[PDB]
Structure formats: C-alpha cells, structure tokens
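Colleague:
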Amino acid sequence: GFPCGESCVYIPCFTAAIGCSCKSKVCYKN
C-alpha cells in the first residue's frame, strides 16, 4: 500500500517480481 518508487502506467513494476504490486498504475508495496 506504499509506493515503491516505480510506476506501471505504461510499463509494469519490475519490482512486482519482488514485492511490489502495480496498483492504480503506480507501484505500491503493501
């Protein structure tokens, strides 16, 4: 629920393969 410092508007969260989750086209981790 807290932004990783990445986005996924156009390009998914590379950090989503770790612990982030694209959420509202921003990467939110928990």
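Residue numbering for the sequence shown follows PDB author numbering, beginning at 1 and increasing consecutively. Here a beta-carbon is modelled for each residue, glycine too, at the ideal position from N, C-alpha and C.
#1: Within the same chain, show all residues whose beta-carbon is closer than 6 Å to that of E6, passing over the 5 residues directly before and after it, in chain order.
#2: Measuring straight from C-alpha to C-alpha, what distance separates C20 and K29?
#3: Which same chain residues end up closer than 6 Å to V9 when comparing Cβ atoms and leaving out the 5 residues on each side of it in sequence?
#4: From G1 to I11, what distance separates their C-alpha atoms?
Modeller: The relevant details are as follows:
#1: For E6, where only same-chain residues beyond five positions count, the Cβ hits under 6 Å are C13, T15 and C27.
#2: For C20 and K29, the distance between alpha carbons rounds to 4 Å.
#3: Taking C-beta separations shorter than 6 Å and ignoring five residues to either side along the sequence, the partners of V9 in its chain run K25, following chain order.
#4: Going by the C-alpha atoms only, they are around 19 Å apart.
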